[PDB]
Amino acid sequence: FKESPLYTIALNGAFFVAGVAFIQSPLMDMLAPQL
Amino acid sequence: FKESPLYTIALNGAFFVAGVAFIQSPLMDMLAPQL
Amino acid sequence: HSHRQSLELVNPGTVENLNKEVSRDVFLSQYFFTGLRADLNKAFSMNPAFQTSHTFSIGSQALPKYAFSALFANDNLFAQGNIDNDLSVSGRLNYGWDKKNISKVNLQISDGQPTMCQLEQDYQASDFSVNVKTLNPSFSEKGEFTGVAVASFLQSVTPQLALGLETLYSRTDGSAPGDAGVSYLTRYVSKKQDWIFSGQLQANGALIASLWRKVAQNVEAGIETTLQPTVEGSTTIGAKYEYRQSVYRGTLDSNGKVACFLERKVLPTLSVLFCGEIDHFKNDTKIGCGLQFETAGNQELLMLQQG
Amino acid sequence: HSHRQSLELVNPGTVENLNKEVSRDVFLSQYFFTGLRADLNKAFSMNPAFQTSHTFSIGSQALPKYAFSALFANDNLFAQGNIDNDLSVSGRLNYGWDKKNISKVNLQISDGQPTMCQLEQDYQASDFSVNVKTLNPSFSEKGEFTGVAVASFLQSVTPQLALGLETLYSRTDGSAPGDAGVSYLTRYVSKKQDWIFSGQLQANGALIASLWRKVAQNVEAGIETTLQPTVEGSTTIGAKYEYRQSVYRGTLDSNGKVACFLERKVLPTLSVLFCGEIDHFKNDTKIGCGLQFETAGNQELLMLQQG
Amino acid sequence: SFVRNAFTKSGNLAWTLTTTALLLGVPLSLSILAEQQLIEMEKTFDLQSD
Amino acid sequence: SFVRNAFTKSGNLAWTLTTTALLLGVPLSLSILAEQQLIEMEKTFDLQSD
Amino acid sequence: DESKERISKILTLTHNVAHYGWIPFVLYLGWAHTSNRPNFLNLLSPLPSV
Amino acid sequence: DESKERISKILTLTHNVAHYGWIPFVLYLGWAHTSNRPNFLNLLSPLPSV
Amino acid sequence: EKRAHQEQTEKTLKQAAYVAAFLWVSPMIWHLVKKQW
Amino acid sequence: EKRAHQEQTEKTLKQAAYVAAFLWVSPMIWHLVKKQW
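So, how was this worked out
Counting of residues restarts from 1 for each chain and follows the sequence as written, so the numbers need not equal those of the entry; residues with no coordinates are not shown. Each chain takes a letter, starting from A, and each ligand takes a number, starting from 1, following the order in which they are written. Excluded from the side-chain calculations are hydrogens and water; all other atoms, namely the structure's heavy atoms, are used. Comment: elements are numbered from the N terminus, with helices defined as DSSP H or I runs of at least four residues and strands as E runs of at least two. For each residue, the accessible area found with a 1.4 Å probe, counting protein chains only, is set against the maximum for its type, and the residue is called buried under 20%, exposed over 50%, and partly exposed in between. Using a 1.4 Å probe, the Shrake-Rupley method yields the accessible areas, and only the shown protein chains count as cover for residues. Should any heavy atoms of two residues lie within 4.5 Å, those residues are counted as being in contact. Reported buried area values correspond to the accessible surface (1.4 Å probe) lost by two parts on association, with both partners' losses combined. Salt-bridge detection follows one rule: a side-chain nitrogen of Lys or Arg within 4 Å of a carboxyl oxygen of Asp or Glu. Note that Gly is not counted as nonpolar here; it falls among the polar residues with everything else outside the nonpolar set of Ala, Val, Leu, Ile, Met, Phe, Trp, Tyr, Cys and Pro and the charged set of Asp, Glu, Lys and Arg. UniProt positions are given in the numbering used here, feature names are shortened, and annotations may be inferred rather than shown by experiment. As used in this structure description, the phrase polar contact means that two N or O atoms lie within 3.5 Å; if the pair is within protein, one of them must be able to donate a hydrogen and the other to accept it, and residues adjacent in sequence are counted only when both atoms belong to side chains. Should DSSP find at least two bridges between two strands, the strands are regarded as paired. We treat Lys and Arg as the positive residues and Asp and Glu as the negative residues; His and chain ends play no part in the count. Here is the rule: rings of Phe, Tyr and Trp (six-membered ring for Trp) pair when centre to centre is within 6.5 Å. Planes less than 30 degrees apart are stacked, more than 60 are edge-to-face, and the remainder are tilted. Consider the ring centre and the ring normal. A charge sits over the ring if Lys NZ or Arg CZ is within 6 Å of that centre and within 35 degrees of that normal. Nonpolar cores were defined as sets of buried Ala, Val, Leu, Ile, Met, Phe, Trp, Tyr and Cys residues, with membership established by side-chain atoms within 4.5 Å.

Looking only at helices and strands, chain I features 1 helix and 0 strands. Along the three orthogonal principal directions, the C-alpha set of chain I runs to about 50 × 15 × 5 Å. Looking at chain I residue by residue over its 37 residues, the buried ones come to 19%. Surface accessibility of chain I: about 3,200 Å² in total, with carbon and sulfur atoms responsible for 67%.

Moving on, we get to the interface of chain C and chain I. If you look at the interface, chain C gives 19 residues, while chain I gives 19 residues. Carbon and sulfur atoms make up 75% of the surface buried where chain C meets chain I, a total of about 1,600 Å² over both sides. Interface area lost by chain C to chain I is led by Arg4(C), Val157(C) and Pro177(C), which between them contribute 30%. At the junction of chain C with chain I, the criterion picks out 0 salt bridges. Mapped by element, the contributors of at least two residues to the side of chain C that touches chain I are strand 9 (145-158), strand 10 (161-171) and strand 11 (180-189) of chain C. Tallied by class, residues from the side of chain C that touches chain I come to 9 nonpolar, 7 polar and 3 charged.

The next thing to look at is the UniProt feature "transmembrane region" in chain I. Cross-referencing UniProt, the feature "transmembrane region" maps to residues 15-33 of chain I in the present numbering. Within the segment residues 15-33 of chain I, helix and strand shares are 100% and 0% respectively, and the terminal C-alpha atoms sit 24 Å apart.

This part is about the interface of chain C and chain H. Counting residues at the interface gives 42 residues for chain C and 26 residues for chain H. Of the roughly 2,600 Å² buried where chain C meets chain H, counting both sides, 74% is carbon and sulfur surface. The interface formed by chain C and chain H contains 0 salt bridges. On the surface where chain C and chain H come into contact, there are 8 residue pairs in polar contact. The biggest single contributor to the side of chain C that touches chain H is strand 4 (residues 77-84) of chain C, with 6 residues. Split by residue class, the side of chain C that touches chain H holds 22 nonpolar, 16 polar and 4 charged.

All right, on to the pairing of strand 6 (residues 101-110) of chain D then. Residue and element names in this part refer to chain D. Relative to strand 6, strand 5 (residues 88-95) is paired through 8 bridges, and the arrangement is antiparallel. Residue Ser88 lies in a different strand from strand 6, and its bridge partner there is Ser110. Hairpin connection of strand 5 to strand 6: 5 residues between the antiparallel strands.

A gap remains between chain A and chain G, with no contact made and the closest C-alpha atoms lying 38 Å from each other. These two, chain E and chain J, are apart from each other, with no contact and a minimum C-alpha gap of 51 Å.

This part takes up the side chain of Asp253(D). Residues and elements named next belong to chain D. Following the sequence through the fold, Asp253 ends up in strand 16 (residues 246-253). Buried charge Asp253 goes without a salt bridge, the closest partner of opposite sign being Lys257 at 5.5 Å. One polar contact links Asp253 to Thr236, side chain to side chain, over a distance of 2.8 Å. Polar side-chain contacts of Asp253 include one of 3.2 Å to the side chain of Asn255.

On to the packing of aromatic side chains, then. Applying the stated criterion to the full structure yields 32 aromatic pairs over all chains. Taken together, a centroid distance of 6.3 Å and an interplanar angle of 45 degrees make the contact between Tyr28(H) and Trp31(H) tilted. Linking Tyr28(H) with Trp31(H), this pair stays in helix 1 (residues 2-33), spanning 3 residues, or about one helical turn. Take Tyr28(H): its relative accessible area is 52%, and that puts it in the exposed class. The exposure class of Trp31(H) is partly exposed, given its relative accessible area of 26%. Chaining the aromatic ring pairs together yields one cluster made of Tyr123(C), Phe128(C), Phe153(C) and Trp24(I). Positioned above the aromatic ring of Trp15(F), the side-chain terminus of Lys65(C) is 5.5 Å from the ring centre.

Further remarks concern the nonpolar core. Burial of nonpolar side chains together is a common tendency in soluble globular proteins. Counting residues in hydrophobic clusters, the biggest one holds 66 residues, and the most contacted among them are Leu36(C), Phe274(C) and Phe274(D). Apart from the residues lying within four places of it in its own chain, the contact partners of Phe274(D) are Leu36(C), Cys289(C), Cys260(D), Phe261(D), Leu262(D), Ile287(D), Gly288(D), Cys289(D), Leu23(F) and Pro27(F).

Before going further, it helps to spend a moment on the pattern of salt bridges. All names here are of chain C. Using the criterion set out here, one finds 32 salt bridges over all chains in the structure. Ionic pairing is found between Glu21 and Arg187, a salt bridge with its closest N-O pair at 2.8 Å. Separated by 166 residues along the polypeptide, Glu21 in helix 1 (residues 20-23) and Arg187 in strand 11 bring together distant segments of the chain. Taking the relative accessible area as the measure of exposure, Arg187 reaches 10% and is therefore buried.

Structure (structure tokens):
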């Protein structure tokens, strides 16, 4: 347990990067319905 | 302003009688949709 | 009594079904919930009825967070267990010794305490119906009866009117004498069965009397007035609309609260419920949507469901 | 500057529309409500746009009990008044001096106090957009400026990237010097316009940066991360599905709350909204349905609406 | 003013009536619309068959 | 017991995932169903015309 | 300066007049612009006249 | 009486056994009665197997 | 006072039995009334 | 201390004007960079 002040920014940046990669990956086009 | 203990029973009975008459009157058949 | 069997009466409905046409059909008392709730139902067989329901209710104080319940029913035997969050187990078992005679035992348990355990035998006859139930039955060293015992009798005086009584015995600890009361119930059915009236002069001067009407095959409405020192009673007006795609139920209470309950059948299996209420006396509202998913787990059942 | 006009840039969107693609399109921040709410809209004309909206919201703290609002709009002039319960009047007026230059004045008043009165002039050009707004403007005897004044400038450095700044002047009472801050904003547009990224290094070290993607004509998704001593920020993931019959908007926040917003268009006029949210950090839910009725009052408008 | 009191009370009663009418009618109106649409669809399906 | 703690935590996480999936999918599933039904109805209307 | 006092008084008077007559302002613009010119009582009420 | 003690002990033991084994009771009756006899893990979980 | 509460309970049960007999025989009494008028 | 807050505000405004000029001329600088490489 550290919960350093920088941990919040590191976590938010990590989630932002992961979400951007997920959104721009083929997985999001797959998520859109075919019909 | 009286709000006598019997006023509650008189009011409930009056509403019951009025609602019964309304339900069993032509007005409720009219309320049911034609289609 | 040959000569006195000529009247040929019809068996009146059991005591608990006295207000079924109004309390449990044209009112939201039993169907109402709050906040979201998803109800997943699984059907495994049809001829011998079996099911495995689930629930996910959030935001409702009355409802639990999760509740697993398996219901088993066949021609003469009906059982249902219901696990709940906090390991609160509830169960009901119904066994019909004869076609018209059924013995029902309910049992609800919460954290190791069998709080509710009522065993009742129901006896339906040509003209009269009598059922006796014992809530929290037990025996004591001094030998006197313990717990609450209720016996009700309903006899059809005429084909369109039935009268009866409900006897109540309740004893809390057994040290003191158990208070006993009697309640009077009346059920009137129109010759055409278009409208049904029922009155209940319950114990402690309580009067729960209701009326029921069937406007058409789709619309049926009813009214219930309750009365309970000073009395505390409310008059309720209700109506219900049933169609091939949806079931609507409205109600305007005497306290001022207005409620509705719409159940849309988007699909034969999935049904989306909406349940909103308003409280005009304090100007607050409690609204909750929900779900009802009925998915089978057997090829034959799915084939039957799709037609 | 003839030789330096050869680049032929495109005008970037105004500063307030920097996050429009995400904040106001693929998120529920603006659309969310609680408890029931009925919104009746009346349309009186089409060519010169006029409307007379109404609202009946119960159970929502943010929303009012009743709100009458008439919106008038034509080719170059847009006005909207909004009466609210408690006689809280709100108003907005937009006048376009030129096709690309518009001056907007908003005014909200509650119980005789013009709490909000901001006048802004917006100037859009071939490559840059600049708008200046003055919140609660006034003058003082000592002669110094009073109230809050904000000026923002956005210039397109390249066709696919625009950079700018937002200058803020705020003075509360005028006795003390008015704190002034500057904010940096960046907007990147993909060559194909498939995805849009925008970053905002707001004042006080606040970083509001978002991303936007258009999966297809129906599905578009975006992400927004906010940051604000110790920082207090949340990351939001969102998506929206738009169809000919309904508009869906979902969002999973970093705080744990999950929300959705379904708007079914049962009829071209009547639209039934559903808006439910969950708060997994405290395990409570806030859900509210609603209405949206768009009924005309003119024969021509009804003929146009029915097709 | 007593006139103002009557005005506000009469407005509040109108608001209550409108809200109750909306709450008890919108689901019922949606049900009526759905049933009628299903009836029309069945009629169209029968016309196709015949 | 630590095993019991893991059991309850893993069950609560499963409940949270199921509830979130239901909340974010049921409206989306209803929208997909409505759009598909409208498409089928348009196809039927075109088949009638042709 | 004198111009500052003029601006302040103009701001105060325009605020005061707008607070009472802004919604009427928009309603007048609407009802005048529309060729039909519906009556005030029907225009205010939320019912279709056609 | 002795019969009362017998009834009391029977009630206690049946309560204790039911509290733990009632839901299993119904599940066993179901899975045995059904001709398909689905496996326990699929029977418990809320997913369609067919 | 156990004496007064036992007596009242027993009398309530006896009256309940009386009205039970009344309801059991009520079809017969209604038949007789119908014959009379 | 009004002196330090007025000076800081004025310097903030001056830096804002500087970056405003930077952004105004940025297309030209990017054009020159593109020519260079």
